[PDB]
Amino acid sequence: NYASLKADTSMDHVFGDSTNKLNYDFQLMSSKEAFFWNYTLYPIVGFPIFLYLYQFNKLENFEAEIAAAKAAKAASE
Amino acid sequence: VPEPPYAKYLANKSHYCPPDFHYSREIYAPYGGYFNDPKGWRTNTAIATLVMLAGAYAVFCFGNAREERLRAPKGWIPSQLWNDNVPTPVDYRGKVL
Amino acid sequence: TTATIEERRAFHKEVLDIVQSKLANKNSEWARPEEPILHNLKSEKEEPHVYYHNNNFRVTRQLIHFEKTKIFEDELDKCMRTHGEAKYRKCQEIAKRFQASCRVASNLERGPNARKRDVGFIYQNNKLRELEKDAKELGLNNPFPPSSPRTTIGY
Amino acid sequence: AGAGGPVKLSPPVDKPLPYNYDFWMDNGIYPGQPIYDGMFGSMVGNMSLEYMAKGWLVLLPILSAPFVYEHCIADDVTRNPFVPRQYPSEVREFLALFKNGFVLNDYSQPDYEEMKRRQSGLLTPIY
Amino acid sequence: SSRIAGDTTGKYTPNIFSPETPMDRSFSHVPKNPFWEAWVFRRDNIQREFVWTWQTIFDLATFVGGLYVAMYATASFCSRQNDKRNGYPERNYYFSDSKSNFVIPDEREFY
Amino acid sequence: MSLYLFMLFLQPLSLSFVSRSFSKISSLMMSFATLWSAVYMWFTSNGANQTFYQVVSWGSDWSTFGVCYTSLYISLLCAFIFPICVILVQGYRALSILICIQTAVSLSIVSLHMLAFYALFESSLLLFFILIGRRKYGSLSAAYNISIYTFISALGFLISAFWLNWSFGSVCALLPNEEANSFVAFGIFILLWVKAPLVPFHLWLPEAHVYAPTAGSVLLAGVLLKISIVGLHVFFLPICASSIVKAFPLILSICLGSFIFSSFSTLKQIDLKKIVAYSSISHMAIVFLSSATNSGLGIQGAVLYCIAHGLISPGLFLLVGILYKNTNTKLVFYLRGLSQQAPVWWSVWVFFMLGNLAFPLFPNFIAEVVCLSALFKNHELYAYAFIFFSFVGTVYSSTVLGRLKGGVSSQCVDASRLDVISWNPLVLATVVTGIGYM
Amino acid sequence: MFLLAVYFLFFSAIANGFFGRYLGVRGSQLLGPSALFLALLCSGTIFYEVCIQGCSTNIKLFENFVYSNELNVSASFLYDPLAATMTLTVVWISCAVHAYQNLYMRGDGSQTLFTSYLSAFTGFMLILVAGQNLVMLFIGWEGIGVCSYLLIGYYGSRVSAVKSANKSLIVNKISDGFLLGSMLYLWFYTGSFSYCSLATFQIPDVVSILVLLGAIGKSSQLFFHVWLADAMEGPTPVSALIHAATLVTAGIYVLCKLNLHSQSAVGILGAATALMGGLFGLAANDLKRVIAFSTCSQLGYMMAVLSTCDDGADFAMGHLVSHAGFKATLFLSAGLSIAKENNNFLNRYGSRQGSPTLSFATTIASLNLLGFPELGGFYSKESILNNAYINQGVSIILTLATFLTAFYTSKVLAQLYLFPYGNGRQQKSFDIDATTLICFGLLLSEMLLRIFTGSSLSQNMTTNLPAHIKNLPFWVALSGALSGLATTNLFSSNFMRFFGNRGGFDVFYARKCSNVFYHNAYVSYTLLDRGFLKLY
Amino acid sequence: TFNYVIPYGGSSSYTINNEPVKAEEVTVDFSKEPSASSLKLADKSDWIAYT
Ligand SMILES: CCCCCCCCCCCCCCCCCC(=O)O[C@@H](COC(=O)CCCCCCCCCCCCCCC)COP(=O)(O)OCC[N+](C)(C)C
Ligand SMILES: CCCCCCCCCCCCCCCCCC(=O)O[C@@H](COC(=O)CCCCCCCCCCCCCCC)COP(=O)(O)OCC[N+](C)(C)C
Ligand SMILES: CCCCCCCCCCCCCCCCCCCC(=O)O[C@H](COC(=O)CCCCCCCCCCCCCC)COP(=O)(O)OCCN
Ligand SMILES: CCCCCCCCCCCCCCCCCCCC(=O)O[C@H](COC(=O)CCCCCCCCCCCCCC)COP(=O)(O)OCCN
Ligand SMILES: CCCCCCCCCCCCCCCCCCCC(=O)O[C@H](COC(=O)CCCCCCCCCCCCCC)COP(=O)(O)OCCN
Ligand SMILES: CCCCCCCCCCCCCCCCCCCC(=O)O[C@H](COC(=O)CCCCCCCCCCCCCC)COP(=O)(O)OCCN
C-alpha cells in the first residue's frame, strides 16, 4: 500500500550518514523587511515609468512657463 | 528474477554499453535506446544521406529562385556558375568586368 | 449645426431610396464599396444603412492602405539594397513616402484610446521646433533639444 | 565510469512536513538542495551577505575612481590633446546627426552648442 | 505472481479470479507517503489557519492594494499623456471630475 | 451555417435513438461530422461579406444566428477539440452530459441575440454542477463555486439585456444601438469579468478544473473561457464602447493585477492541473485588455491568442490526465524521472510547455506579439508592464519541469497508442498555426 | 546555396533526434559531422561571396509570417558582411565540436539526442545571425535559449544541472523581455522591423537602455553574469559552443547590428565586467570555471570597445570572431584533460605523458588569450586597448584586466603542464582517436588563418600613439605571466574569499530578491485567495 | 462593426446637435412629485433639525 518509511543504509558508509539535518525553520521573510524590499525593487522594475513621468513634467512645466512669458509679452504689447 | 517472456523480443546490450550499466530495455524513445547500434544501421544511414541530398537539391532550387542580388559584386563570385541573375561585376574603381 | 426632426426624417427616406436602388441590381462587391454615403448625421448609428455601408467602405480603404504600405516597404528595401553606402542620400525620398503611408494606415483607424503613430518622429520634431521658437523669442532657456534636420532615414 | 556510478538515496520522509517544504528540492538522491542555493542552509565559504557588502564597499571607490575623473571632472576641451576627426562638410553634417556619434564633441566647430544639446537628447519619445 | 492483462489480438479478458496479479494500469501507480498526503491536505486547507492580524492586514494592503494603487496611478498618467499627445480635450473618465463631455473622439473630426 | 446548426442539433438527438452500446462510436462520428460541417460553413463564408459572413434567422429575433471573424474562429476551435473530449469519456451518462454542454456552448457562439445567448449559455449550469460534483472523483464545493459565480454574473447580464430590450426595442446585435449608461455597461461587464477569470472573480476556475474530468477540463479551458471574447466583440464593444473608454485606467488596473497575482499564485501550486489552470488565468488578461483597446490590432490579436490558448492548454490538460491515469497522482513531488520513464510523453509535455511560455515556433508567440503591439499602440508603459512580469511564468514552468525531469523512479509510466492518437491532432494544429497559418 | 547550411544543420537535428533509433550511435557519428562539413563548404562559399567580394544577398522564404493590420513581418534572410563572418565562425566551431563529441560522448546514453541538440543549436544561431528583420533575430535568440536549457540540464538526475538550466532560462527571459520592448519601440516609430528602415540617427534613451539591458543577458555582463559560471554543469561540448560563439556573442552581435547603444553605459559596463571576470577567474579552482570567467572578461573588452571610436563595432566583431577559436580550443582541451585525469580541480593536474597535438593546442590558445605578440588574439586585443586610450577610465581598467588575464592564464598553464603530477596512483586513461585530432586540426587551422587574413580592416591602421603607450599592453601581460608562473599571492585572504564567491551577486539574490518573490507569492495565494477569499 | 480592421462602436459629432422632439403630443403623468414633508426631511441645512 503505502511506501515504506524505512530508509536504506547500504551506502551510508560510502557517502556519509543522514543524521545531520537542515537548520532552516522553513519560514519566510518578515513583514517589515518585505515592505522595504518590495517598495525598493518594484520601482527599479518600473524604471520607464519614472523616466516618462520626469520628461512629461519637464515638458508641461516648460510649456506653462512659455505660456506665462507669452501672456506677459502680450499684455504690455 | 526470472526474465519475463517478452524479454526474447527485446534486444541485447550493445558493445558500447558498459557492462555494469543497467537500463530497462522495454522503454521506447524516438532518439534511440541507451546505447543503440541497431542491426541494419548502415542501410538506414545510406537512406538518410539520400534523403538529405534530395532535400538539399530542392532547397537549392528554391534558394536559387529566391536569391536576389541587387548590387553588383566587386569580383567574380561562385554563384555565377549556377545562378544567372548575378549582376555583372564592377570593381572598386567602377570599371565593369 | 442643428438638425431638425423633419430634415432627419427626409434623410431617412432618401437613404431608403438609396437602398432600393442598390437592391435592384445584384453586386458581388456590395460589401466592398468604392464610395461612401455622404451624410451630416450627428451619429451614423441613427441611419443603420449608412452605418454598415460606410463601415464596409472604411474596411476596404484600410485593406488597400495596408497593401500599399507593404508595397512602399518593398521598394524601400530594394533601393536600400541597390545603392550601398549611398543609401542614406538616395533612399531619403522613398523612406519619406513609406513612413507617410505607415502613418496614414495606422492613424486613420487607431481607435478611441490609441495614440497617434509617430513614424519618423515628425510630431516630436515639430513640437521641438515650436518650443525653440518660443524660447528664443521670449528669452527663455529651453531644456529640450533643438529640432533636427533628419531624425530617421527619411522623415 | 560516467554511467552506472553508485548513488545514495535520500531517506523517505518520516515526520510532519513543514508548510514551505517546497523550498527544498529533492530528486531522491541524498544531497538535496534549496530551490536557490544560498537562500538558506550552509553558505559557500561561510561568508554572509554583510561580508560581501563590506567587500563591495571597499572595492567600489577604487573601481569608480578612473571613470569619475573623465566623465565628471574632465571636460571636452581637456579630455584629449586633439579635436575629433575632421571631415568634409557633407560628411561632417551627416555624421553630426547621429546622437551616438563621435563628431558631436568638436569644440572647434561653430555648431558645438547645438551638437552638445543633440547629444543630450530626449529621455522618452514625446509622442 | 504477475500476468499480462492486455492482448493485442483482441482476445482480452479480465481474470478477476486469477491467482496471479494482472499487470493492469494500476501496476505503475505511485506508492505514496503518509506525511506527503497530510502535507497536501494541510496546504490545500490553508484557510483554516488564516488569522486576521495587523501583520496580515499590513501585508495584504501594502502588496495587493499598493500594486492596484500604483497601476491605477500609472494608467491615469498614461491617459493624460495620450490626451495631450492626440490633441484631444481632457476626457471625462469615471472618477476624474471634469467639466468636459469628451469621451469618444469623432472619426470625422480632425484633431 | 444551416448545416452546422442542424448537425449541432443532431448530435444530442442521436443519443436518444442509439443502442446505448454504440453510443461512443456514434458520438465520435457525429463529432467529426460536425467538424466537417464547420469546415463547410467556413467554405460558404465569403470574405467579400465584410460585416457578417453569414446570417440565418428561423422565424424570430431569438433564432437569429450568424458568424463573424471571432465567431467563426471560436466555432471551428470547439468543433476541432470536441472529438478528443468524446474519446476521453466513457458511459452514456457522461456522453449525454458532454454532448448537451457542447451543443449549448456551440449554439451560444453563433447566436446574435443577447437573450438567446444567455439562454443557451446558461442551459449548461446544472450539467457542470453534476459533472464537477460526480460521485467519487468530484467535489461539491467546486460545483457550488462555478454554479453560483455563473448565476450571478449571467443574471446581471440578463438585467442589462432586459433594459436594452425595453429602451431600444431590440437586443439583437445586427440592429445598431449605443448606450452611455454605466449601470447597463457594468451589467454586461460583470459576466465578462467572471467568465474570463479576472481577479478577484477567478476563484471558480481552479476548483472546477481540478475536480472536473479530463474531457470536461479540455472543454472548459478550450472554449468556455473564450465565450467571454465572443460576448465582448459581439455584445459589449458595439454598444458599450463609451464605458470601456471611460473606465480604461480601471480596466488596465484590474487586468494587470490579475496577470501579476495569478502569476504569483501559480508559484504556490503543487498540483499539475492547478498549475495549468492558473496559467490560463494569467493568459486571459492580455486578451481582455487587448480587446478593450477597441483597435484593429487588439481584436485580431485577442482572437488569435484565444486560438493559441485553445490549442495549447487543452494539450497540457490532456497530457496531465494521461499521466494521472498512469500514476494515480497529480502531485509534482511524487512524480520524478519522467524524462527517462516516459520519453514520448516528456517530449510532448516539454513541447506544449514551451508553447505556454510563448516561444517563437508556437502560435502563442505570434498572438502575443500582436497583442503587445496593440498595447504599445495605446501606451509604451502598458506593453512594458506585461512584458516584464511574463518572467514569473518562466519561473514556475521551469521549476515544474525541473522537478518532473530527473530523479529515481521504479515505474514505467508512458502513454499508450490511444493516448498518442489523442494528442496528435493538437500537435499538428499547433505546428501549423506556429508557422503562420493562424 | 545560402539556405543550404541551415538546412543541413536542421536536418542533422531532425534525423538524429527523431530517427536516431534507425541511425544508431554510429549513424549519428556519421550524419552529424558529414552534414556540418557540407554546411562548412556552403558557409565558406558565402564568406567568399559576401565579405571578400562584397555581394550581399536577400532570400525571402515566405511573406506575412505575422500579418495583423499594419503589423507585417516576413521570413527573410539577408547575408551581409557581418552575417557571413559570424556564420563561417559558428559553422567551423560547430563542425569541430561535432567531431569532438563522437569520442567524448560515447560513454553517454543519449549520444544521438546530444548530436541533435547540438545541430539545432547551431541552426538557431545561424537563424539569429542571418535574419533580415528583428523577428527572425528574436526567433534565433529564443531558439538558442531553449537549446541551452535542454543542453545545460542534460544530466537530469543532478539537482545542480537542472537548477543551472533554470537559472539560464530565467535570466535570458528577462533579457529578451527588454529586447521585445525595444523591438516594439522601433517598429512603432520607424514603420518596420527590417534593419534597413530601422536606422534612426537620434533615438530616445529608453530604447537604448532597453537594447542594452536585453544585450547584457546573453552576452553575460555584470548583474547578468550569474548563469555563465553555473553553465559548467553541462557536458563539455555544450560549454565550448555556448561560451565560444552561440550564446555569449549574440548580445555583441545585436549591439553591432543596430548602433543604438550609448557610449557612456557600454564602456563602463564592459570595463567593470572585464575587471570582475578576471578577478573571479583568479580565485577559481575548477579548470572549466576559469575559462568561463575569462570569457566574461573578453566579453567586457568587446563591450568596452564600442564606446571608444567609430571603428569600435568592427573591432568588437573582430575580437568576437578571433575569441571564438582559441576559447573553443581551450574548452575542448580542458574537457579532454578532465576525461584523462577523471578530475576537475587544478591542484591535482600535473605533468604526464600525452598527445603532442592537445598540449600544443592548449599552449597556443592560452598564448592567444594572454596576448602573445604576432598572434590573432594579440592584434584583436591591441586594437581594443590602444584605441581605448582616449577613454582614460576604460583604458586603465582594461589594462589591469590584461594583467589579471595574463596571471590566471599562466597559472593554469603551469598547473596543467609544468607542475608535478598531482593526481593519484590509479589507472586513468582517455585514448584519442583520429577524429579528435581532426577537430584540433580544424581549430589550429582557424587560428593560423586568422593571422594571415586578419580580423578587421582597420586592424593594422595606425593609432597615432607614443611607442611606450602602444607597447604597454605587452609589458602588462608579460608581468602578469611572470607573476602567474611564480604563483605569488596578489590579494589578501579576505579579497580572495570575496572573489571566490564571485562578488556575492547570487547570495544577494537569494537572501533578498528570491525571498521577496516568494513572500509576494505567499501574500497573493495563502493570505488572499486561499485565505481571505476562501470559505470555511 | 463585427470586423477585425476598424474599431467597434461608433462616434457622435460634438458640434452637431439634434433638436429635442417630444415623445408624445400630450403628456399625462401618473408619477407624483415629492411632498413638502420629504423636502423638509431631506433638508440638511441645520444639522440638529436634520438629525
Ligand atoms: C515526430 C516528427 C518527426 C517529423 C519531423 C518533421 C520535420 C519538419 C521539417 C521542418 C520544416 C522546416 C521548414 C520551415 C519553413 C516553413 C515552411 C512553410 O511555411 O512553407 C511556406 C513556403 O516557404 C518555404 O518553403 C520555406 C522553404 C523551407 C526550406 C528553406 C531552407 C530550410 C532551412 C530552414 C530555415 C527556416 C527558418 C524559417 C523561420 C521561420 C509556405 O509558403 P506560402 O504560400 O507563402 O504560405 C504563406 C505563409 N504563411 C505560412 C505564413 C501563411
Ligand atoms: C526553424 C525552422 C526549422 C525548425 C527545426 C527545429 C529543430 C528541431 C525541432 C524539433 C521539434 C522541436 C520540439 C521537440 C520536442 C521538445 C522536447 C525536446 O526537444 O526534447 C525532449 C526529448 O527529445 C526528443 O525526443 C525530440 C527532440 C528531437 C530534436 C530536438 C531538437 C531541439 C529542439 C529545438 C528547440 C525548439 C525551438 C523552439 C523555440 C524556437 C526532452 O529532452 P530532455 O528534457 O533534455 O530529456 C532527454 C533525456 N535526457 C535527460 C537524457 C537528456
Ligand atoms: C561594479 C558595479 C557595481 C557592482 C555591484 C556593487 C553592489 C554594491 C552594493 C553593496 C555596497 C553597499 C551595501 C549597503 C551597505 C550595507 C553594509 C552592511 C550590510 C548589512 O549590514 O546588511 C546587509 C544587507 O544586504 C545588503 O547590503 C544589500 C544591499 C545591496 C544593494 C543592491 C545592489 C545590488 C547588489 C548586488 C551585488 C552586491 C552583493 C553584496 C551586496 C546584509 O543583510 P542580512 O542578510 O544580514 O539581513 C539580515 C536578515 N534579516
Ligand atoms: C488599503 C489598501 C491601500 C493601502 C496601501 C496603499 C499604499 C500604496 C501607495 C503608493 C502606491 C505607489 C505610488 C502610486 C500612487 C502615488 C500617489 C497617487 C497620486 C499620483 O497619481 O501621482 C502620480 C504618481 O506617479 C505615478 O504615476 C505612479 C508611480 C508609481 C508606479 C511605479 C512604481 C511601482 C512600479 C511597479 C509596477 C506597477 C505599475 C505597472 C504599470 C504622479 O503625479 P502625476 O504627474 O501623474 O499627476 C497626477 C496628479 N496627482
Ligand atoms: C439592497 C441590498 C444591499 C446589499 C445586501 C447584501 C446582502 C448579502 C447579499 C449576498 C448575495 C450573494 C449570494 C452568494 C452567497 C455566498 C454563497 C453562500 C455561502 C455558502 O455557504 O454556500 C455554500 C457553498 O457556496 C460556495 O461554495 C460559493 C462560494 C462563494 C460564492 C462566491 C459569490 C459569487 C461571487 C460574488 C460577487 C460576484 C459579483 C457581484 C456583482 C453552500 O451552502 P449549503 O448548500 O451547504 O447550505 C448550507 C447552509 N449553511
Ligand atoms: C471602485 C473601482 C470601480 C470598480 C470597477 C473596476 C472596473 C470596472 C469598469 C467596467 C467598465 C464598464 C462599467 C461601467 C462603470 C462601472 C464602474 C465604473 C466606476 C464607477 O463606479 O463610476 C461610478 C459611475 O458608475 C455608476 O454610477 C454605476 C457603477 C456600477 C454599478 C454597480 C452595480 C450595477 C449593477 C447593475 C446591473 C445591471 C443594471 C442594468 C439596468 C461613479 O463615478 P462618477 O462618474 O460618479 O465620478 C464621481 C467621482 N468623484
# chains A, B, ... in the order shown; residues from 1 in each chain; ligands from 1
>>> interface_residues(of="chain A", to="chain D", cutoff="10 Å", atoms="only C-alpha atoms", output="PyMOL selection string")
chain A and resi 3-12+14-18+21-28+48+51-56+59
>>> interface_residues(of="chain A", to="chain G", cutoff="9 Å", atoms="only C-alpha atoms", output="MDAnalysis selection string")
chainID A and resid 28:31 33:35 37:38 41 48 51
>>> write_last_selection(atoms="N, CA, C and O atoms", output="short mmCIF file (atom, residue, chain, number, x, y, z; two decimals), in the first residue's frame")
data_model
loop_
_atom_site.label_atom_id
_atom_site.label_comp_id
_atom_site.auth_asym_id
_atom_site.auth_seq_id
_atom_site.Cartn_x
_atom_site.Cartn_y
_atom_site.Cartn_z
N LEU A 28 9.28 32.41 6.12
CA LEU A 28 9.54 33.42 5.11
C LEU A 28 10.11 34.70 5.72
O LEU A 28 10.35 34.80 6.93
N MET A 29 10.34 35.70 4.86
CA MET A 29 10.84 36.99 5.29
C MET A 29 9.84 37.69 6.20
O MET A 29 8.62 37.50 6.09
N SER A 30 10.36 38.51 7.11
CA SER A 30 9.50 39.28 8.00
C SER A 30 8.70 40.31 7.20
O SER A 30 9.11 40.74 6.11
N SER A 31 7.55 40.70 7.75
CA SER A 31 6.69 41.66 7.06
C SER A 31 7.38 43.00 6.87
O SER A 31 7.24 43.64 5.82
N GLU A 33 10.69 43.70 6.67
CA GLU A 33 11.71 43.59 5.64
C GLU A 33 11.08 43.49 4.26
O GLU A 33 11.56 44.09 3.29
N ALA A 34 9.99 42.72 4.15
CA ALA A 34 9.31 42.55 2.87
C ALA A 34 8.78 43.88 2.35
O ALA A 34 8.86 44.15 1.15
N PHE A 35 8.23 44.72 3.23
CA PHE A 35 7.73 46.02 2.80
C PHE A 35 8.85 46.85 2.18
O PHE A 35 8.70 47.38 1.06
N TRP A 37 11.74 45.82 0.89
CA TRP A 37 12.32 45.30 -0.35
C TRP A 37 11.32 45.31 -1.51
O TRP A 37 11.73 45.53 -2.65
N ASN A 38 10.02 45.11 -1.26
CA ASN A 38 9.05 45.34 -2.34
C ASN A 38 9.09 46.78 -2.81
O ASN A 38 9.22 47.04 -4.01
N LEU A 41 12.55 47.24 -4.83
CA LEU A 41 12.75 46.56 -6.11
C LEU A 41 11.68 46.92 -7.13
O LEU A 41 12.00 47.12 -8.31
N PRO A 48 11.05 52.67 -16.63
CA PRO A 48 10.47 53.52 -17.68
C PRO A 48 9.40 54.46 -17.17
O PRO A 48 9.27 55.58 -17.69
N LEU A 51 10.96 57.63 -15.85
CA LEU A 51 11.52 58.41 -16.95
C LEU A 51 10.42 59.17 -17.70
O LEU A 51 10.56 60.37 -17.99
#
>>> atom_distance(atom1="atom CA of residue 152 of chain G", atom2="atom CA of residue 505 of chain G")
20.9 Å
>>> interface_residues(of="chain E", to="chain C", cutoff="9 Å", atoms="only C-alpha atoms", output="ChimeraX atom specification")
/E:79,82-83,85-86,103-107
>>> select_by_dssp(residues="chain D", states="strand (DSSP E or B)", output="PyMOL selection string")
chain D and resi 9+24-25+29+33-34
>>> write_last_selection(atoms="N, CA and C atoms", output="compact mmCIF listing (two decimals), in the first residue's frame")
# COMPACT_ATOMS: atom_id res chain seq x y z
N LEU D 9 20.50 7.11 -1.88
CA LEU D 9 19.10 7.50 -1.97
C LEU D 9 18.69 8.27 -0.73
N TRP D 24 12.61 23.16 -0.66
CA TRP D 24 13.62 22.12 -0.72
C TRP D 24 13.42 21.31 -1.99
N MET D 25 14.49 21.12 -2.76
CA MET D 25 14.42 20.36 -4.00
C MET D 25 15.15 19.04 -3.79
N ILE D 29 18.00 11.48 -4.76
CA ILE D 29 19.41 11.30 -4.43
C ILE D 29 19.70 12.09 -3.16
N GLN D 33 18.85 19.94 -2.27
CA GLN D 33 19.33 21.30 -2.30
C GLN D 33 18.17 22.28 -2.18
N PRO D 34 18.44 23.49 -1.68
CA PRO D 34 17.43 24.54 -1.73
C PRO D 34 17.08 24.88 -3.16
>>> select_by_dssp(residues="segment 33-69 of chain B", states="alpha helix (DSSP H)", output="tab-separated table (two decimals) with N, CA and C atoms, in the first residue's frame")
chain	number	residue	atom	x	y	z
B	41	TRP	N	22.05	-0.72	-39.42
B	41	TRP	CA	22.28	0.72	-39.28
B	41	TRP	C	22.91	1.31	-40.54
B	42	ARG	N	23.76	0.55	-41.24
B	42	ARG	CA	24.43	1.07	-42.42
B	42	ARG	C	23.43	1.45	-43.52
B	43	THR	N	22.44	0.59	-43.75
B	43	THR	CA	21.43	0.88	-44.78
B	43	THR	C	20.59	2.09	-44.38
B	44	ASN	N	20.24	2.20	-43.10
B	44	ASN	CA	19.49	3.35	-42.62
B	44	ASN	C	20.28	4.65	-42.81
B	45	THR	N	21.58	4.62	-42.54
B	45	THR	CA	22.40	5.81	-42.77
B	45	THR	C	22.47	6.16	-44.25
B	46	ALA	N	22.57	5.15	-45.12
B	46	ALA	CA	22.57	5.43	-46.56
B	46	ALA	C	21.26	6.08	-46.99
B	47	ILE	N	20.13	5.58	-46.48
B	47	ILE	CA	18.83	6.16	-46.81
B	47	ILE	C	18.74	7.59	-46.30
B	48	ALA	N	19.22	7.83	-45.08
B	48	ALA	CA	19.19	9.17	-44.52
B	48	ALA	C	20.02	10.13	-45.36
B	49	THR	N	21.19	9.68	-45.82
B	49	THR	CA	22.03	10.51	-46.68
B	49	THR	C	21.34	10.82	-48.00
B	50	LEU	N	20.66	9.83	-48.58
B	50	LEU	CA	19.93	10.07	-49.82
B	50	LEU	C	18.84	11.11	-49.63
B	51	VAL	N	18.08	11.00	-48.54
B	51	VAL	CA	17.04	11.98	-48.25
B	51	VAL	C	17.65	13.36	-48.03
B	52	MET	N	18.81	13.42	-47.36
B	52	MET	CA	19.46	14.70	-47.12
B	52	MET	C	19.85	15.37	-48.43
B	53	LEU	N	20.43	14.61	-49.35
B	53	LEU	CA	20.85	15.19	-50.62
B	53	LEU	C	19.66	15.59	-51.48
B	54	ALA	N	18.58	14.80	-51.47
B	54	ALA	CA	17.39	15.18	-52.23
B	54	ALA	C	16.78	16.47	-51.69
B	55	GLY	N	16.68	16.58	-50.37
B	55	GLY	CA	16.20	17.82	-49.78
B	55	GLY	C	17.12	18.98	-50.05
B	56	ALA	N	18.43	18.72	-50.10
B	56	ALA	CA	19.38	19.77	-50.46
B	56	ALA	C	19.15	20.25	-51.89
B	57	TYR	N	18.85	19.33	-52.81
B	57	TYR	CA	18.55	19.72	-54.18
B	57	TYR	C	17.30	20.60	-54.24
B	58	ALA	N	16.25	20.20	-53.52
B	58	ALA	CA	15.03	21.01	-53.51
B	58	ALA	C	15.28	22.39	-52.91
B	59	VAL	N	16.02	22.45	-51.80
B	59	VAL	CA	16.33	23.73	-51.16
B	59	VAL	C	17.19	24.58	-52.07
B	60	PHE	N	18.12	23.96	-52.80
B	60	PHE	CA	18.97	24.67	-53.74
B	60	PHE	C	18.15	25.31	-54.85
B	61	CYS	N	17.18	24.57	-55.39
B	61	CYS	CA	16.28	25.14	-56.39
B	61	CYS	C	15.51	26.33	-55.82
B	62	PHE	N	14.94	26.15	-54.63
B	62	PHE	CA	14.14	27.21	-54.01
B	62	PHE	C	14.98	28.46	-53.77
B	63	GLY	N	16.15	28.28	-53.16
B	63	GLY	CA	17.02	29.41	-52.88
B	63	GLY	C	17.48	30.13	-54.14
B	64	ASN	N	17.88	29.36	-55.16
B	64	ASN	CA	18.30	29.98	-56.41
B	64	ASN	C	17.17	30.78	-57.03
B	65	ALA	N	15.94	30.26	-56.95
B	65	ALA	CA	14.80	31.03	-57.43
B	65	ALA	C	14.61	32.31	-56.63
B	66	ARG	N	14.86	32.27	-55.32
B	66	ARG	CA	14.60	33.42	-54.46
B	66	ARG	C	15.84	34.21	-54.06
>>> closest_atom_pairs(of="chain G", to="chain F", cutoff="9 Å", atoms="only C-alpha atoms", output="tab-separated table")
residue	atom	partner	partner_atom	distance
G:64	CA	F:436	CA	7.8
G:65	CA	F:436	CA	5.2
G:66	CA	F:366	CA	6.5
G:67	CA	F:436	CA	8.8
G:68	CA	F:297	CA	6.4
G:69	CA	F:297	CA	6.1
G:70	CA	F:297	CA	8.1
G:71	CA	F:370	CA	7.6
G:135	CA	F:360	CA	8.9
G:138	CA	F:360	CA	7.7
G:139	CA	F:360	CA	5.3
G:140	CA	F:360	CA	8.6
G:142	CA	F:359	CA	6.7
G:143	CA	F:360	CA	7.8
G:146	CA	F:354	CA	8.6
G:153	CA	F:402	CA	8.7
G:155	CA	F:406	CA	8.1
G:156	CA	F:406	CA	4.5
G:157	CA	F:406	CA	4.6
G:158	CA	F:406	CA	7.5
G:159	CA	F:406	CA	8.2
G:162	CA	F:402	CA	5.8
G:163	CA	F:402	CA	7.3
G:165	CA	F:398	CA	8.6
G:166	CA	F:398	CA	5.7
G:167	CA	F:395	CA	8.9
G:169	CA	F:394	CA	7.5
G:170	CA	F:394	CA	6.2
G:171	CA	F:391	CA	8.7
G:173	CA	F:391	CA	6.0
G:174	CA	F:391	CA	6.1
G:177	CA	F:387	CA	5.6
G:178	CA	F:388	CA	7.4
G:180	CA	F:387	CA	7.7
G:181	CA	F:384	CA	6.3
G:184	CA	F:373	CA	6.6
G:185	CA	F:380	CA	7.8
G:187	CA	F:373	CA	9.0
G:188	CA	F:377	CA	7.7
G:517	CA	F:264	CA	8.3
G:518	CA	F:267	CA	8.0
G:520	CA	F:264	CA	6.9
G:521	CA	F:264	CA	4.7
G:522	CA	F:268	CA	7.4
G:523	CA	F:265	CA	8.8
G:524	CA	F:265	CA	5.8
G:525	CA	F:265	CA	5.0
G:526	CA	F:268	CA	8.4
G:529	CA	F:203	CA	7.3
G:530	CA	F:203	CA	9.0
G:533	CA	F:203	CA	8.4
G:534	CA	F:203	CA	8.6
>>> residues_around(residues="segment 26-33 of chain C", least_positions_apart="6", cutoff="7 Å", atoms="only C-alpha atoms", output="list in words")
residues 56, 57 and 60 of chain C; 48, 49 and 50 of chain F
>>> write_last_selection(atoms="N, CA, C and O atoms", output="CSV table (one decimal), in the first residue's frame")
chain,number,residue,atom,x,y,z
C,56,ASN,N,-18.2,49.3,-44.2
C,56,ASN,CA,-17.6,48.5,-45.2
C,56,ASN,C,-16.6,49.3,-46.1
C,56,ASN,O,-15.5,48.8,-46.4
C,57,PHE,N,-17.0,50.5,-46.4
C,57,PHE,CA,-16.1,51.4,-47.2
C,57,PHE,C,-14.8,51.6,-46.4
C,57,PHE,O,-13.7,51.6,-47.0
C,60,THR,N,-12.6,48.5,-46.6
C,60,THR,CA,-11.9,48.4,-47.9
C,60,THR,C,-10.8,49.3,-48.0
C,60,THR,O,-9.7,49.0,-48.4
F,48,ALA,N,-15.7,38.6,-48.9
F,48,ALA,CA,-16.3,39.8,-49.5
F,48,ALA,C,-17.4,40.4,-48.6
F,48,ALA,O,-17.6,41.6,-48.6
F,49,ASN,N,-18.1,39.5,-47.9
F,49,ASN,CA,-19.2,40.0,-47.0
F,49,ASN,C,-18.5,40.3,-45.7
F,49,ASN,O,-18.3,39.5,-44.8
F,50,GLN,N,-18.1,41.6,-45.6
F,50,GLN,CA,-17.1,42.0,-44.6
F,50,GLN,C,-17.8,42.1,-43.2
F,50,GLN,O,-17.1,41.7,-42.2
>>> residues_near_ligand(ligand="ligand 4", cutoff="7 Å", atoms="only C-alpha atoms and all ligand atoms", output="list in words")
residues 42, 43, 45, 46, 49, 50, 53 and 57 of chain A; 61, 62, 65, 66, 67, 69, 70, 71, 73, 74, 75, 76 and 77 of chain E; 381, 382 and 385 of chain F
>>> residues_around(residues="segment 73-78 of chain D", least_positions_apart="5", cutoff="12 Å", atoms="only C-alpha atoms", output="PyMOL selection string")
(chain D and resi 65-68+83-84+102-108+112+116) or (chain G and resi 390-393)
>>> residues_near_ligand(ligand="ligand 6", cutoff="8 Å", atoms="only C-alpha atoms and all ligand atoms", output="count of residues only")
33
>>> closest_residue(among="D:16, D:1, D:70, D:47", to="chain E", atoms="only C-alpha atoms")
D:16
>>> closest_atom_pairs(of="chain C", to="chain A", cutoff="9 Å", atoms="only C-alpha atoms", output="Markdown table")
| residue | atom | partner | partner_atom | distance |
| --- | --- | --- | --- | --- |
| C:131 | CA | A:63 | CA | 7.8 |
| C:134 | CA | A:66 | CA | 6.8 |
| C:135 | CA | A:66 | CA | 7.0 |
| C:138 | CA | A:69 | CA | 6.6 |
| C:139 | CA | A:69 | CA | 8.9 |
| C:140 | CA | A:66 | CA | 7.5 |
| C:142 | CA | A:62 | CA | 7.5 |
| C:143 | CA | A:62 | CA | 7.8 |
| C:144 | CA | A:59 | CA | 8.2 |
